[PDB]
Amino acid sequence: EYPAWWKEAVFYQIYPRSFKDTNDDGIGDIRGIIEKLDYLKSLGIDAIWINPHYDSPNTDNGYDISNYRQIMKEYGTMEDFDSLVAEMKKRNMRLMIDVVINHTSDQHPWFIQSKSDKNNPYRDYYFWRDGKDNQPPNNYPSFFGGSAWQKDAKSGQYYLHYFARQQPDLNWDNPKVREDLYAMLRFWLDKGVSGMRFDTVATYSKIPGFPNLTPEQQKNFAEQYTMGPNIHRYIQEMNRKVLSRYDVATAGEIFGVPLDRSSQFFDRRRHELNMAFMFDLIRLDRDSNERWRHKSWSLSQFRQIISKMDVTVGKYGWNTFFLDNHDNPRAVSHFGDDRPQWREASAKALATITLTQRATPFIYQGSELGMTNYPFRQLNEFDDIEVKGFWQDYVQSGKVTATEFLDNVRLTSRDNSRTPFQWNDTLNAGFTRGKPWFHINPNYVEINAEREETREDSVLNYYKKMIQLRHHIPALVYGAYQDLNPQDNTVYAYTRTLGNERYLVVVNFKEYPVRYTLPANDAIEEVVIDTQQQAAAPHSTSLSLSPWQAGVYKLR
């Protein structure tokens, strides 16, 4: 069974820039988070993961770090940070920070020096290569558009950046970089942080010789970058050196790692990472070649990916469960139906699922309210550099029309989840009194924390109840997972079994009523909860489900 606090906990993710502004400069800050801790405690949150909070030019809103030990000016001071840990600790909440060490900002002291000369001490802190000819070293693509190699006029060589140009990759091969990184980690751990979320941990190790990519590898380049020969070597070292020497829950974002390779990252026995963030589910409807394009998916596909994950996780690993985050579109829009008539119901349905999985649930800020995608009027309303990067590679190239491109990024852009949190119905949704740094969704007049707090049938209060059920029913945390019908495209039904305590979770994914027949030997003994306010106790053999109806039941 191997109990663990991080396995039973309910995590909340905060994107500071968009959580709460306290000085009215239009940007969310750390004091804003402090101000809302009571809101999150009442919600039932156990731990909080905050996106990057370090000094950064903000080319990638925090993921381009220029100083790992300094608090981002936009977010506040060290005192504010220390105060967050203290206030959180006071409320028995654990703080998990975002660790971005696959790369740094091109304005980081290490890169500034590395960039000054070919013989500078820090030259080997990054990857510099010569373009054998009148072009880059190889054909490596960048997640943010064009080549993953940037030419340095001065020296004449190219430096490597999987992501933005302003995000040069660190060289983990050099034992000096590793040590400076471990020192930096203990800096934060010594201050009380109880958890670390490692950004793109599968790409720390590069492929020796930087061979070119075959036509095939060109497509799934995201996966090739995880093919590093020293990845588990390095992560294991970081564990020995740091992780294993503090009580810290670790989560690794393994973007690009095939499912059959995730085990090596979270297998207890391997002493690497406690749990991981897989993307097989959240990206089930993304085209293979065009990462920005959305394609149709079905429930059978959805549930089948979940079964596979559970099997792969097995008895020795552990997983997280999330339907959205700062790099993806809103959960209700993506997996439910955000139209006015179905938003609440489908939101509650997804909530039911989110808190009854054999994984640690991560609730992204604002989705507990049923926040939705943003109504982007035109291309320039996106800040997403991934989008601007896609525009260059597919629209400038003529590979896709601007209209079709827009139709799609409207559904897949990470900016959908980056609009300011909606607290109440005052100007700017009570987020700020200044000008919001990024456009706020007009539906805030309907979807806002305050309004939902007083309404018993609100999405917020339903989330409160689901989290409360998870905190009180062990089976919902550790019970075995069983998909009663992997092929059904209408009703998602599964059991959670811990000994003789069996629970049944049912979700009507359709917008018309459906009658669900329980397995012949199964009987409903109790109703733990359901999305209908009225709906009385059903009988033992079947359920008449209304559109998007969800429920948890205890079986005999």
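All residue numbers are counted from 1 along the displayed sequence.
- Across the two stretches, 153 to 161 and 93 to 101, the PDB entry reports the greater mean Cα temperature factor for 153 to 161.
- When the two stretches 37 to 45 and 526 to 534 are set side by side, the higher mean Cα temperature factor goes to 526 to 534.
- Per the PDB record, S114 has a higher Cα B-factor than any other of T432, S333, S114, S458.
- Comparing C-alpha B-factors across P375, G479, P137, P340 in the deposited entry, the largest value falls on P137.
- Annotation for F265: CA B-factor lies in the highest third of the chain's modelled residues.
- When the CA B factors of the chain's modelled residues are split into thirds, the value for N500 lands in the highest one.
- Per the deposited record, the Cα B-factor of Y2 falls in the highest third when ranked against the other modelled residues of its chain.
- Among all modelled residues in its chain, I231 ranks in the highest third by Cα B-factor.
- Sort the modelled residues of the chain by CA B factor and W423 lands in the lowest third.
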